[PDB]
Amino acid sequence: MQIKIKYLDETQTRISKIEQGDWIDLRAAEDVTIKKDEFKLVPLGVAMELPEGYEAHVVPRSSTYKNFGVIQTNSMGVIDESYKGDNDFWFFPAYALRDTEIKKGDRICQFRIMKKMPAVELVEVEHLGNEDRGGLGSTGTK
């Protein structure tokens, strides 16, 4: 399959697939500094058109916190198939847990593509008619 990728400019480091990475690393489009307990959108310098029927998902790398002291505020970013315009540049919403500096080109998160959920009919019901599972730790801890 093919992904069309448009880089923000010629100074962006090209992304690529590596042998031992099932997801593709994305890169900070510019230097970004963030103070402890502050938030910043980190631009990633790419816009894409994904294959027909696909969305993308973005998560941190396991070393992102170690190297950069940030967490991703939306947990996993969902890039909608429709986010494919010439100005629809991807971003990584970062919250800094310590003072930090991210440099241009640094690999701070990773993405993959996945088929979107199929079309679903939402059928309103008065009663579901199933037994309750419970949740929030119903199965205990041990």
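Position 1 is the first residue in the sequence shown; the rest follow in order. Here the rigid core means the biggest group of C-alpha atoms that line up within 1.5 Å when the two forms are laid on top of each other.
Once the rigid core is lined up, would you tell me whether 10-18 or 120-128 has the higher RMS CA deviation in 5 other deposited structures of this protein? Greater root mean square C-alpha distance in 5 other deposited structures of this protein: 10-18.
For the C-alpha atoms alone, is the average B factor greater in 25-33 or in 51-59, going by the entry? Per the deposited B-factors, the answer is 25-33.
Taking the mean of the C-alpha B-factors per stretch from the entry, tell me the winner out of 8-16 and 124-132. Between 124-132 and 8-16, it is 8-16 that shows the higher mean C-alpha B-factor.
Highest recorded Cα temperature factor - choice among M114, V46, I102, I79: Largest recorded C-alpha B-factor: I102.
Select lowest, middle or highest to describe the third in which the CA B-factor of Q110 falls within its chain in this entry. According to the entry, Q110 has a C-alpha B-factor in the chain's lowest third.
Would you please rank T141 by its C-alpha temperature factor against the other modelled residues of its chain and give the third it falls in: lowest, middle or highest? Top third by C-alpha B-factor.
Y83 by Cα B-factor - lowest, middle or highest third of the modelled chain: Within its chain, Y83 is a lowest-third residue by C-alpha B-factor, going by the deposited values.
Is the Cα B-factor recorded for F91 in the lowest, middle or highest third of its chain? CA B-factor rank for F91: lowest third.
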